[PDB]
Amino acid sequence: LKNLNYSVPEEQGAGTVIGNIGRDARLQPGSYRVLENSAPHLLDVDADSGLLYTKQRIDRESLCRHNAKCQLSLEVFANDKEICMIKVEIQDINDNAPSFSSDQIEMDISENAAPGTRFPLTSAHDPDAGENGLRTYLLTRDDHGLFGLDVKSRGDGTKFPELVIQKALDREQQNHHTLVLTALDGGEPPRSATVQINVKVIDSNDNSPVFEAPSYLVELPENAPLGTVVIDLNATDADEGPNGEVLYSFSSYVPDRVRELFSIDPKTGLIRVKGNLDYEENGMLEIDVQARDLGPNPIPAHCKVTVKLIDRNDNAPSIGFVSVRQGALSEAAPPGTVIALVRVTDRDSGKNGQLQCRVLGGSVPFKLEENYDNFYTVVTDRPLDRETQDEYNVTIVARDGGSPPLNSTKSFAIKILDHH
Amino acid sequence: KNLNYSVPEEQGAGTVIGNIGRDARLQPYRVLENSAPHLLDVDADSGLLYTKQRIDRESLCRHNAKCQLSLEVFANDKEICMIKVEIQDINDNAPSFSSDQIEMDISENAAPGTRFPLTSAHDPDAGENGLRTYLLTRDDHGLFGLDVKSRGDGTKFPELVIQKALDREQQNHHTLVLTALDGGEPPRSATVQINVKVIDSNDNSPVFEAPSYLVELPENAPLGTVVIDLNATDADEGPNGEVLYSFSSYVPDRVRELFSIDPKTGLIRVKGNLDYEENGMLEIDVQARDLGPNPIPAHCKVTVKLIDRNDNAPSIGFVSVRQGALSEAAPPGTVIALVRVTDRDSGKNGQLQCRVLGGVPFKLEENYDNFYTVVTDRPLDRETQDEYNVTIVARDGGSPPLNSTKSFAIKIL
Ligand SMILES: *[C@@H]1O[C@H](CO[C@@H]2O[C@@H](C)[C@@H](O)[C@@H](O)[C@@H]2O)[C@@H](O[C@@H]2O[C@H](CO)[C@@H](O[C@@H]3O[C@H](CO[C@H]4O[C@H](CO)[C@@H](O)[C@H](O)[C@@H]4O)[C@@H](O)[C@H](O)[C@@H]3O)[C@H](O)[C@H]2NC(C)=O)[C@H](O)[C@H]1NC(C)=O
Ligand SMILES: *[C@@H]1O[C@H](CO[C@@H]2O[C@@H](C)[C@@H](O)[C@@H](O)[C@@H]2O)[C@@H](O[C@@H]2O[C@H](CO)[C@@H](O)[C@H](O)[C@H]2NC(C)=O)[C@H](O)[C@H]1NC(C)=O
Ligand SMILES: *[C@@H]1O[C@H](CO[C@@H]2O[C@@H](C)[C@@H](O)[C@@H](O)[C@@H]2O)[C@@H](O[C@@H]2O[C@H](CO)[C@@H](O)[C@H](O)[C@H]2NC(C)=O)[C@H](O)[C@H]1NC(C)=O
Ligand SMILES: *[C@@H]1O[C@H](CO)[C@@H](O[C@@H]2O[C@H](CO)[C@@H](O)[C@H](O)[C@H]2NC(C)=O)[C@H](O)[C@H]1NC(C)=O
Ligand SMILES: *[C@@H]1O[C@H](CO)[C@@H](O)[C@H](O)[C@H]1NC(C)=O
Ligand SMILES: *[C@@H]1O[C@H](CO)[C@@H](O)[C@H](O)[C@H]1NC(C)=O
Ligand SMILES: *[C@H]1O[C@H](CO)[C@@H](O)[C@H](O)[C@@H]1O
Ligand SMILES: *[C@H]1O[C@H](CO)[C@@H](O)[C@H](O)[C@@H]1O
Ligand SMILES: *[C@H]1O[C@H](CO)[C@@H](O)[C@H](O)[C@@H]1O
Ligand SMILES: *[C@H]1O[C@H](CO)[C@@H](O)[C@H](O)[C@@H]1O
Ligand SMILES: [Ca+2]
Ligand SMILES: [Ca+2]
Ligand SMILES: [Ca+2]
Ligand SMILES: [Ca+2]
Ligand SMILES: [Ca+2]
Ligand SMILES: [Ca+2]
Ligand SMILES: [Ca+2]
Ligand SMILES: [Ca+2]
Ligand SMILES: [Ca+2]
Ligand SMILES: [Ca+2]
Ligand SMILES: [Ca+2]
Ligand SMILES: [Ca+2]
Ligand SMILES: [Ca+2]
Ligand SMILES: [Ca+2]
Ligand SMILES: [Ca+2]
Ligand SMILES: [Ca+2]
Ligand SMILES: [Ca+2]
Ligand SMILES: [Ca+2]
Ligand SMILES: [Ca+2]
Ligand SMILES: [Ca+2]
């Protein structure tokens with residue numbers, strides 16, 4: 001009766017001699033019969049030599065998986081009535097490295113990810129047992145610690161990693177990242193395996209449109225021809241796709257009239273004339289544009305284009321009699337006798353509305369006397385005794401200071417009570 | 001032969017555990033060295049092993065799955081025996097919480113999915129008689145849920161889950177019951193009340209009673225006259241629900257000169273003289289904001305419509321007065337001067353009627369809008385005057401009316 005305890009590395013060569021029962025147990029000298037055995041396909045003893053040998057190669061991972069202890073039993077009988085209990089352990093060697101399901105994974109991370117957020121990653125697997133199994137994961141974060149790593153265990157004592165966002169992300173600062181996750185096992189020959197993580201930084205609508213300048217001032221000549229270009233506004237959004245697709249439109253509080261007068265093309269941003277711009281109607285107008293991106297929760301942006309009109313001499317002067325005497329002027333009417341009161345006007349402004357008026361001949365004896373703003377008195381010029389005329393067809397002329405100028409005329413008749 | 005017994009805990013005092021004599025095949029028993037002198041003893045002359053007191057497996061072996069007591073007795077003629085008896089667990093304990101009520105402070109702003117710690121329970125019993133799981137009683141339409149998670153040992157702990165959003169303004173407090181259940185065929189349970197105070201987050205804007213108002217006031221109204229008392233309400237708590245009034249960013253300065261709004265009441269009152277002729281009606285754009293963080297503004301608009309009073313007498317102005325001396329035989333109707341009358345008021349208050357002092361020989365003849373010609377009335381002779389002090393009178397149609405006069409002198413040559 002004798003126990004024997006062996007222990008042998010895995011991946012032994014087929015036909016490797018494990019032991020010598022006869023010599024190790026101190027039996028005689030002969031016959032070595034096998035009573036029973038855990039694995040007949042793996043271990044056998046030569047009947048006439050007492051040598052215990054491997055029948056095939058032995059992969060401890062295929063036999064005992066992760067078990068810390070891995071044993072094979074064998075019960076032999078020796079020459080002439082002596083029994084031996086052989087038990088041999090198969091030791092683990094670090095002949096396997098941790099392995100990932102791929103060499104590269106790809107993920108979709110929005111730049112809106114809050115710092116601290118954590119993201120799944122594929123775990124690695126080491127079939128080796130004990131100290132030769134999975135030890136930990138480690139990251140190679142190239143972007144000065146933008147990404148971190150969290151390592152957590154599960155019930156069986158195996159670990160899995162997860163990505164951490166240690167500081168915020170910004171697509172518009174870096175669109176893509178690539179960082180390498182490695183898995184390390186224990187054992188004196190440390191086995192490792194790596195995987196590249198290729199992360200797409202998704203766009204979040206975090207940029208407002210921006211007009212080249214908040215305010216503009218544009219001069220246009222009044223009565224400008226339809227379709228005249230007013231201005232091409234340009235707004236830019238640094239986001240992607242629709243988040244960075246600008247749409248222009250008239251603000252809510254631009255008056256209807258202005259909407260009648262101008263047309264803005266929604267995609268170009270071109271403001272062009274749509275109606276006749278009368279200076280006498282309105283000196284200058286305000287066009288309040290707004291631009292918005294076509295993303296969700298869109299960000300509006302306001303701009304202000306002041307159109308300042310230029311007055312052109314497009315109104316001739318008008319003449320209007322407030323009161324006129326009749327046809328009965330006395331021969332001896334003193335110089336300065338009032339004959340009529342008149343107004344002259346010009347809707348234009350500046351030189352275009354600057355008037356100068358005169359009588360057709362005064363050769364007839366009448367003077368025009370300007371008393372008030374746009375108010376003239378036509379009176380008698382001379383005594384009506386030497387150059388006496390039976391009837392007069394007085395005609396007033398008004399002339400503005402335009403380029404070119406404009407003039408209008410208007411007549412009335414008067415008689416003298418001359419020969420009686 | 002050793003003797004191996006196994007007996008439930010909390011046995012009756014003096015319960016017979018075993019019979020040494022029969023089990024070990026011996027003869028009729030002194031105790032040499034036993035594990036527990038107070039728990040088990042053997043009757044000297046019968047060989048019977050009995051309990052001396054109760055056995056609480058929890059007090060002896062705590063959570064240990066196996067719980068054993070040794071005992072060494074002998075019998076006549078050097079008959080040595082090894083007795084060993086295991087104590088089985090029974091579910092004589094329920095899970096227990098450190099209290100019967102917890103209270104929590106959860107803000108209504110808590111994101112759905114958020115989870116909150118809760119106190120765990122403890123069962124002293126062993127194995128299947130220990131803590132099994134927790135269960136919640138959420139009475140308010142499944143407002144809150146429960147997550148149960150294991151620890152390194154295999155012990156479980158609960159935490160509250162917010163499965164959908166909360167709203168203080170809809171329900172200020174909640175109370176829900178968390179119970180812990182153990183295994184064992186008599187299933188033991190123990191409960192704890194969670195009293196959760198729902199904190200306010202500034203999630204309500206102020207609200208004016210109406211977006212727009214229209215108020216009439218008489219021009220030149222006396223200082224301090226009340227224009228309107230605005231009222232805005234915020235349904236939030238504390239500063240989050242504290243209304244503050246102010247004039248909007250885009251109301252012209254002049255209006256700011258004309259009106260005063262009290263920041264806390266919301267009372268808009270007159271601060272300057274309201275001249276109708278300056279501006280017929282004005283717009284006062286008020287805003288109310290709560291005193292919480294990221295405050296929510298709200299806009300209201302009060303249009304002040306003025307009423308015109310006859311506060312402008314009529315003004316007279318000579319456009320032309322010719323010379324200071326007319327012709328002796330000037331025909332009736334000779335123009336002597338052109339004059340204009342005006343009144344800054346509107347309506348009847350600005351409706352004028354004018355006349356000359358006499359008919360002296362001068363008429364007033366209105367030719368155009370607010371334009372009159374003073375002419376000679378009749379033929380100039382048979383009179384004791386050389387120069388005339390002509391005086392014009394204008395009279396408006398106010399209540400009461402107003403009148404102004406203005407004179408000029410002319411001579412006869
Ligand atoms: C909005 O963005 C446009 C385009 O973006 C530019 O692209 C190039 C130039 C880059 O280098 C950047 O600098 C810019 O962002 C800016 O440029 C306008 O482009 C339009 C589109 O082509 C131009 O319109 C052209 O006008 C030509 C006629 O030129 C006239 O002006 C000269 C100067 O005196 C004058 O001598 C001539 O006789 C004409 O009167 C015409 O031949 C062509 O077909 C086309 O119509 C436009 O001219 C450019 N800007 C301006 C102000 O003219 C814009 O700068 C930007 N908007 C604004 C308001 O700045
Ligand atoms: C803003 O509120 C004031 C006063 O508030 C009132 O408070 C209570 C006394 C009760 O009357 C509540 O209904 C009110 O909110 C208003 O001033 C009063 O208005 C009521 C009209 O129902 C009138 O009978 C009173 O004479 C007013 N003055 C008082 C009570 O001193 C005011 O009208 C409110 N503003 C607006 C725009 O509605
Ligand atoms: C021209 O006459 C007016 C009016 O004076 C008199 O008014 C009545 C009493 C009547 O008797 C008329 O015949 C008179 O002409 C003078 O203007 C006002 O005169 C009063 C004194 O009577 C004086 O208190 C006022 O201040 C004067 N002005 C006004 C606006 O009332 C005026 O002075 C006379 N002379 C000239 C050059 O105009
Ligand atoms: C308008 O005319 C009336 C009279 O025609 C003037 O009335 C007088 O006003 C004084 C005060 O200035 C009173 O003391 C008198 O009793 C009034 N007299 C009469 C007869 O009513 C009044 O002054 C004129 N208005 C202006 C601005 O001159
Ligand atoms: C008066 O003169 C104007 C301008 O020459 C002329 O048009 C008009 O016919 C004349 N009047 C008469 C009655 O001929
Ligand atoms: C005035 O207008 C008339 C229009 O018939 C024109 O013939 C004349 O040349 C003009 N005169 C001046 C000075 O502009
Ligand atoms: C892990 O580390 C080893 C070095 O021990 C490398 O050989 C391997 O490629 C992996 O990077
Ligand atoms: C980690 O490193 C290995 C080198 O052994 C690569 O093959 C792998 O793609 C990852 O970069
Ligand atoms: C836990 O469950 C028991 C029944 O198993 C109840 O009786 C007890 O009140 C508690 O709710
Ligand atoms: C659970 O039951 C206990 C009583 O045992 C209470 O503390 C609680 O109110 C809940 O009903
Ligand atoms: Ca192997
Ligand atoms: Ca390994
Ligand atoms: Ca191995
Ligand atoms: Ca960004
Ligand atoms: Ca972005
Ligand atoms: Ca954008
Ligand atoms: Ca453009
Ligand atoms: Ca015009
Ligand atoms: Ca013009
Ligand atoms: Ca003109
Ligand atoms: Ca007990
Ligand atoms: Ca229990
Ligand atoms: Ca128990
Ligand atoms: Ca709320
Ligand atoms: Ca709230
Ligand atoms: Ca109020
Ligand atoms: Ca609020
Ligand atoms: Ca006034
Ligand atoms: Ca008035
Ligand atoms: Ca008046």
# chains A, B, ... in the order shown; residues from 1 in each chain; ligands from 1
>>> residues_near_ligand(ligand="ligand 24", cutoff="6 Å", atoms="only C-alpha atoms and all ligand atoms", output="list in words")
residues 167, 168, 169 and 203 of chain B
>>> write_last_selection(atoms="N, CA, C and O atoms", output="CSV table (one decimal), in the first residue's frame")
chain,number,residue,atom,x,y,z
B,167,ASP,N,-43.1,66.7,-9.7
B,167,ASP,CA,-43.6,68.1,-9.7
B,167,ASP,C,-44.1,68.5,-8.3
B,167,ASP,O,-45.1,68.0,-7.8
B,168,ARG,N,-43.4,69.4,-7.7
B,168,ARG,CA,-43.8,69.9,-6.4
B,168,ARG,C,-45.2,70.6,-6.4
B,168,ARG,O,-46.0,70.3,-5.6
B,169,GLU,N,-45.4,71.5,-7.4
B,169,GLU,CA,-46.6,72.2,-7.5
B,169,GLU,C,-47.8,71.3,-7.7
B,169,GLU,O,-49.0,71.8,-7.6
B,203,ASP,N,-39.5,76.3,-11.8
B,203,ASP,CA,-40.0,75.8,-13.0
B,203,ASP,C,-41.4,76.4,-13.3
B,203,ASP,O,-42.3,75.8,-13.9
>>> select_by_dssp(residues="region 75-234 of chain B", states="strand (DSSP E)", output="ChimeraX atom specification")
/B:75,79-88,101-107,115-117,131-137,144-150,156-162,173-182,189-199,207-208,212-218,226-229,232-233
>>> residues_near_ligand(ligand="ligand 22", cutoff="8 Å", atoms="only C-alpha atoms and all ligand atoms", output="PyMOL selection string")
chain B and resi 91-95+123-126+129-131+182-184+187-188
>>> residues_near_ligand(ligand="ligand 5", cutoff="8 Å", atoms="only C-alpha atoms and all ligand atoms", output="PyMOL selection string")
chain A and resi 393-395+409-413
>>> interface_residues(of="chain A", to="chain B", cutoff="8 Å", atoms="only C-alpha atoms", output="list in words")
residues 155, 322, 323, 333, 334, 336, 338, 371 and 372 of chain A
>>> residues_near_ligand(ligand="ligand 4", cutoff="8 Å", atoms="only C-alpha atoms and all ligand atoms", output="list in words")
residues 313, 395, 401, 402, 403, 404 and 405 of chain B
>>> residues_around(residues="region 216-225 of chain B", least_positions_apart="4", cutoff="8 Å", atoms="only C-alpha atoms", output="PyMOL selection string")
chain B and resi 269-276+304-309
>>> write_last_selection(atoms="N, CA, C and O atoms", output="mmCIF file, in the first residue's frame")
data_model
loop_
_atom_site.group_PDB
_atom_site.id
_atom_site.type_symbol
_atom_site.label_atom_id
_atom_site.label_comp_id
_atom_site.auth_asym_id
_atom_site.auth_seq_id
_atom_site.Cartn_x
_atom_site.Cartn_y
_atom_site.Cartn_z
ATOM 1 N N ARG B 269 -47.833 104.871 -11.713
ATOM 2 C CA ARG B 269 -48.405 106.158 -11.347
ATOM 3 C C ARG B 269 -47.707 107.259 -12.131
ATOM 4 O O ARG B 269 -46.593 107.084 -12.636
ATOM 5 N N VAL B 270 -48.379 108.408 -12.217
ATOM 6 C CA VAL B 270 -47.878 109.520 -13.015
ATOM 7 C C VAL B 270 -46.690 110.164 -12.314
ATOM 8 O O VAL B 270 -46.685 110.351 -11.090
ATOM 9 N N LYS B 271 -45.675 110.513 -13.104
ATOM 10 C CA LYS B 271 -44.459 111.151 -12.627
ATOM 11 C C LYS B 271 -44.174 112.492 -13.285
ATOM 12 O O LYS B 271 -43.368 113.260 -12.749
ATOM 13 N N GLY B 272 -44.809 112.799 -14.418
ATOM 14 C CA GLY B 272 -44.630 114.070 -15.087
ATOM 15 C C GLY B 272 -45.930 114.533 -15.715
ATOM 16 O O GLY B 272 -46.937 113.823 -15.690
ATOM 17 N N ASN B 273 -45.893 115.739 -16.275
ATOM 18 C CA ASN B 273 -47.078 116.323 -16.890
ATOM 19 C C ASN B 273 -47.312 115.667 -18.245
ATOM 20 O O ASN B 273 -46.423 115.669 -19.104
ATOM 21 N N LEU B 274 -48.506 115.108 -18.437
ATOM 22 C CA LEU B 274 -48.838 114.359 -19.648
ATOM 23 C C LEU B 274 -49.489 115.311 -20.644
ATOM 24 O O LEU B 274 -50.685 115.597 -20.558
ATOM 25 N N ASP B 275 -48.700 115.805 -21.593
ATOM 26 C CA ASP B 275 -49.187 116.750 -22.590
ATOM 27 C C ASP B 275 -49.757 115.983 -23.777
ATOM 28 O O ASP B 275 -49.035 115.231 -24.441
ATOM 29 N N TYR B 276 -51.052 116.170 -24.040
ATOM 30 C CA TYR B 276 -51.665 115.541 -25.206
ATOM 31 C C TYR B 276 -50.981 115.993 -26.488
ATOM 32 O O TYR B 276 -50.739 115.184 -27.392
ATOM 33 N N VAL B 304 -51.368 103.909 -22.504
ATOM 34 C CA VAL B 304 -51.998 105.079 -21.905
ATOM 35 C C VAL B 304 -52.534 105.963 -23.023
ATOM 36 O O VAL B 304 -51.767 106.489 -23.837
ATOM 37 N N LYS B 305 -53.852 106.127 -23.056
ATOM 38 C CA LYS B 305 -54.534 106.970 -24.027
ATOM 39 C C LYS B 305 -54.890 108.294 -23.362
ATOM 40 O O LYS B 305 -55.585 108.312 -22.342
ATOM 41 N N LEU B 306 -54.414 109.395 -23.932
ATOM 42 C CA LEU B 306 -54.648 110.704 -23.343
ATOM 43 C C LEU B 306 -55.915 111.337 -23.901
ATOM 44 O O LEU B 306 -56.352 111.038 -25.017
ATOM 45 N N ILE B 307 -56.501 112.222 -23.100
ATOM 46 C CA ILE B 307 -57.677 112.994 -23.477
ATOM 47 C C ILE B 307 -57.256 114.453 -23.576
ATOM 48 O O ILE B 307 -56.617 114.984 -22.659
ATOM 49 N N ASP B 308 -57.610 115.099 -24.682
ATOM 50 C CA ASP B 308 -57.186 116.471 -24.923
ATOM 51 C C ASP B 308 -58.065 117.451 -24.156
ATOM 52 O O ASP B 308 -59.297 117.373 -24.212
ATOM 53 N N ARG B 309 -57.426 118.371 -23.439
ATOM 54 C CA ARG B 309 -58.097 119.493 -22.802
ATOM 55 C C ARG B 309 -57.700 120.784 -23.505
ATOM 56 O O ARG B 309 -56.596 120.901 -24.044
#
>>> residues_near_ligand(ligand="ligand 30", cutoff="6 Å", atoms="only C-alpha atoms and all ligand atoms", output="list in words")
residues 310, 312, 313, 314, 343, 345, 349, 350 and 396 of chain B
>>> closest_residue(among="A:153, A:223, A:104, A:5", to="ligand 18", atoms="only C-alpha atoms and all ligand atoms")
A:223
>>> residues_around(residues="residue 23 (chain B)", least_positions_apart="3", cutoff="9 Å", atoms="only C-alpha atoms", output="ChimeraX atom specification")
/B:1,3,18-20,26
>>> residues_near_ligand(ligand="ligand 2", cutoff="8 Å", atoms="only C-alpha atoms and all ligand atoms", output="list in words")
residues 209, 210, 213, 228, 229, 230 and 231 of chain B
>>> closest_atom_pairs(of="chain A", to="ligand 18", cutoff="7 Å", atoms="only C-alpha atoms and all ligand atoms", output="tab-separated table")
residue	atom	partner	partner_atom_place_in_ligand_line	distance
A:222	CA	ligand 18	1 (Ca)	6.3
A:223	CA	ligand 18	1 (Ca)	6.4
A:278	CA	ligand 18	1 (Ca)	4.1
A:279	CA	ligand 18	1 (Ca)	5.0
A:280	CA	ligand 18	1 (Ca)	5.2
A:314	CA	ligand 18	1 (Ca)	5.6
A:315	CA	ligand 18	1 (Ca)	6.9
>>> write_last_selection(atoms="C-alpha atoms", output="JSON list (two decimals), in the first residue's frame")
[["chain", "number", "residue", "atom", "x", "y", "z"],
["A", 222, "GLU", "CA", -35.31, 107.02, -54.29],
["A", 223, "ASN", "CA", -37.56, 105.40, -56.89],
["A", 278, "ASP", "CA", -40.28, 107.21, -52.36],
["A", 279, "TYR", "CA", -38.08, 109.60, -50.38],
["A", 280, "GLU", "CA", -41.08, 111.83, -49.65],
["A", 314, "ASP", "CA", -38.91, 114.24, -58.64],
["A", 315, "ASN", "CA", -41.50, 116.86, -57.60]]
>>> residues_near_ligand(ligand="ligand 17", cutoff="10 Å", atoms="only C-alpha atoms and all ligand atoms", output="PyMOL selection string")
chain A and resi 231-236+246+248+265-271
>>> residues_near_ligand(ligand="ligand 12", cutoff="12 Å", atoms="only C-alpha atoms and all ligand atoms", output="PyMOL selection string")
chain A and resi 61+66+92-99+124-136+183-193
>>> write_last_selection(atoms="N, CA, C and O atoms", output="CSV table (one decimal), in the first residue's frame")
chain,number,residue,atom,x,y,z
A,61,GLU,N,-6.4,23.9,-19.7
A,61,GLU,CA,-7.5,24.7,-19.9
A,61,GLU,C,-8.7,23.9,-20.4
A,61,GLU,O,-9.9,24.1,-20.0
A,66,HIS,N,-10.9,27.0,-15.3
A,66,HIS,CA,-10.3,27.9,-14.4
A,66,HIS,C,-10.0,27.3,-13.0
A,66,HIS,O,-9.5,28.0,-12.2
A,92,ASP,N,-0.9,24.7,-14.2
A,92,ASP,CA,-1.2,25.7,-15.3
A,92,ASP,C,0.0,26.4,-15.6
A,92,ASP,O,0.9,26.8,-14.8
A,93,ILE,N,0.2,26.7,-16.9
A,93,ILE,CA,1.3,27.6,-17.4
A,93,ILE,C,0.6,28.7,-18.2
A,93,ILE,O,-0.5,28.5,-18.8
A,94,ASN,N,1.2,29.8,-18.3
A,94,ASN,CA,0.7,31.0,-19.0
A,94,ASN,C,0.9,30.9,-20.5
A,94,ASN,O,1.7,31.6,-21.1
A,95,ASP,N,0.3,29.9,-21.1
A,95,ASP,CA,0.4,29.6,-22.5
A,95,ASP,C,-0.8,30.3,-23.3
A,95,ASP,O,-0.9,30.0,-24.5
A,96,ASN,N,-1.6,31.1,-22.6
A,96,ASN,CA,-2.6,31.9,-23.3
A,96,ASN,C,-2.6,33.3,-22.8
A,96,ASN,O,-2.3,33.6,-21.6
A,97,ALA,N,-2.8,34.3,-23.7
A,97,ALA,CA,-2.9,35.7,-23.4
A,97,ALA,C,-4.4,36.1,-23.4
A,97,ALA,O,-5.3,35.4,-24.0
A,98,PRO,N,-4.7,37.2,-22.8
A,98,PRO,CA,-6.1,37.7,-22.9
A,98,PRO,C,-6.4,38.1,-24.3
A,98,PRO,O,-5.5,38.4,-25.1
A,99,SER,N,-7.7,37.9,-24.7
A,99,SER,CA,-8.0,38.1,-26.1
A,99,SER,C,-9.4,38.9,-26.2
A,99,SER,O,-10.3,38.6,-25.4
A,124,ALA,N,-12.0,41.5,-22.3
A,124,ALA,CA,-11.2,40.5,-22.8
A,124,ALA,C,-11.3,39.2,-21.9
A,124,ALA,O,-11.9,39.2,-20.8
A,125,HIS,N,-10.8,38.1,-22.4
A,125,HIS,CA,-10.9,36.8,-21.8
A,125,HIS,C,-9.6,36.1,-21.8
A,125,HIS,O,-9.0,36.0,-22.9
A,126,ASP,N,-9.1,35.6,-20.6
A,126,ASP,CA,-7.9,34.8,-20.5
A,126,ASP,C,-8.4,33.4,-20.0
A,126,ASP,O,-8.9,33.3,-18.9
A,127,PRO,N,-8.1,32.3,-20.8
A,127,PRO,CA,-8.5,31.0,-20.3
A,127,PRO,C,-7.7,30.5,-19.1
A,127,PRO,O,-8.1,29.6,-18.4
A,128,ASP,N,-6.4,31.0,-19.0
A,128,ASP,CA,-5.5,30.5,-17.9
A,128,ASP,C,-6.2,30.7,-16.6
A,128,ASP,O,-7.1,31.4,-16.4
A,129,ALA,N,-5.6,30.0,-15.6
A,129,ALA,CA,-6.2,29.9,-14.2
A,129,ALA,C,-5.4,30.7,-13.2
A,129,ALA,O,-4.1,30.8,-13.4
A,130,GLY,N,-6.0,31.2,-12.2
A,130,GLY,CA,-5.3,31.9,-11.1
A,130,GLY,C,-4.5,33.1,-11.6
A,130,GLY,O,-5.0,33.9,-12.4
A,131,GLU,N,-3.3,33.1,-11.1
A,131,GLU,CA,-2.4,34.3,-11.4
A,131,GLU,C,-2.2,34.5,-12.9
A,131,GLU,O,-1.7,35.6,-13.2
A,132,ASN,N,-2.4,33.5,-13.7
A,132,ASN,CA,-2.2,33.7,-15.1
A,132,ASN,C,-3.4,34.3,-15.9
A,132,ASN,O,-3.3,34.5,-17.1
A,133,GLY,N,-4.5,34.5,-15.2
A,133,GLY,CA,-5.7,35.0,-15.8
A,133,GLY,C,-5.7,36.5,-15.8
A,133,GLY,O,-4.7,37.2,-15.5
A,134,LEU,N,-6.8,37.1,-16.2
A,134,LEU,CA,-6.9,38.5,-16.5
A,134,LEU,C,-6.6,39.3,-15.2
A,134,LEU,O,-7.1,39.0,-14.1
A,135,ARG,N,-5.7,40.3,-15.3
A,135,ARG,CA,-5.2,41.1,-14.2
A,135,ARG,C,-6.0,42.4,-14.2
A,135,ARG,O,-6.7,42.8,-13.2
A,136,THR,N,-5.9,43.3,-15.3
A,136,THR,CA,-6.5,44.6,-15.3
A,136,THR,C,-6.5,45.1,-16.7
A,136,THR,O,-5.8,44.5,-17.6
A,183,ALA,N,-5.5,44.9,-22.4
A,183,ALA,CA,-5.8,43.9,-21.3
A,183,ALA,C,-4.5,43.2,-20.9
A,183,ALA,O,-3.8,42.7,-21.8
A,184,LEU,N,-4.2,43.2,-19.6
A,184,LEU,CA,-3.1,42.5,-19.0
A,184,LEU,C,-3.5,41.4,-18.1
A,184,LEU,O,-4.4,41.6,-17.2
A,185,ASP,N,-2.8,40.3,-18.2
A,185,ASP,CA,-2.9,39.2,-17.2
A,185,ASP,C,-1.8,39.2,-16.3
A,185,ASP,O,-0.8,40.0,-16.4
A,186,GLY,N,-1.8,38.3,-15.3
A,186,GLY,CA,-0.8,38.2,-14.3
A,186,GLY,C,0.4,37.4,-14.9
A,186,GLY,O,0.7,37.5,-16.1
A,187,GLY,N,1.0,36.5,-14.1
A,187,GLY,CA,2.1,35.7,-14.5
A,187,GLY,C,3.4,36.4,-14.8
A,187,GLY,O,3.4,37.6,-15.1
A,188,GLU,N,4.5,35.7,-14.7
A,188,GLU,CA,5.8,36.4,-14.8
A,188,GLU,C,6.1,36.8,-16.2
A,188,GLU,O,6.8,37.8,-16.4
A,189,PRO,N,5.7,36.0,-17.2
A,189,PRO,CA,5.6,36.5,-18.6
A,189,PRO,C,4.3,37.2,-18.8
A,189,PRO,O,3.3,36.6,-19.1
A,190,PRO,N,4.2,38.5,-18.6
A,190,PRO,CA,2.9,39.2,-18.6
A,190,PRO,C,2.4,39.3,-20.0
A,190,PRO,O,3.0,39.9,-20.9
A,191,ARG,N,1.3,38.6,-20.2
A,191,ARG,CA,0.6,38.6,-21.6
A,191,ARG,C,-0.4,39.7,-21.7
A,191,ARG,O,-1.0,40.1,-20.7
A,192,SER,N,-0.4,40.3,-22.8
A,192,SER,CA,-1.2,41.5,-23.1
A,192,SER,C,-1.9,41.4,-24.4
A,192,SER,O,-1.4,40.7,-25.3
A,193,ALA,N,-3.0,42.2,-24.6
A,193,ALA,CA,-3.6,42.3,-25.9
A,193,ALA,C,-4.3,43.6,-26.0
A,193,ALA,O,-4.9,44.1,-25.0
>>> closest_atom_pairs(of="chain A", to="ligand 6", cutoff="12 Å", atoms="only C-alpha atoms and all ligand atoms", output="CSV")
residue,atom,partner,partner_atom_place_in_ligand_line,distance
A:316,CA,ligand 6,2 (O),10.4
A:317,CA,ligand 6,2 (O),10.9
A:355,CA,ligand 6,14 (O),11.6
A:356,CA,ligand 6,13 (C),10.1
A:357,CA,ligand 6,13 (C),9.7
A:358,CA,ligand 6,13 (C),9.5
A:359,CA,ligand 6,13 (C),10.9
A:360,CA,ligand 6,13 (C),9.7
A:395,CA,ligand 6,1 (C),11.0
A:396,CA,ligand 6,1 (C),10.1
A:397,CA,ligand 6,1 (C),7.0
A:398,CA,ligand 6,1 (C),8.0
A:399,CA,ligand 6,14 (O),6.1
A:400,CA,ligand 6,14 (O),8.7
A:401,CA,ligand 6,14 (O),10.3
A:402,CA,ligand 6,14 (O),11.0
A:404,CA,ligand 6,14 (O),10.0
A:405,CA,ligand 6,14 (O),7.4
A:406,CA,ligand 6,14 (O),6.4
A:407,CA,ligand 6,1 (C),4.9
A:408,CA,ligand 6,2 (O),5.5
A:409,CA,ligand 6,2 (O),6.6
A:410,CA,ligand 6,2 (O),10.1
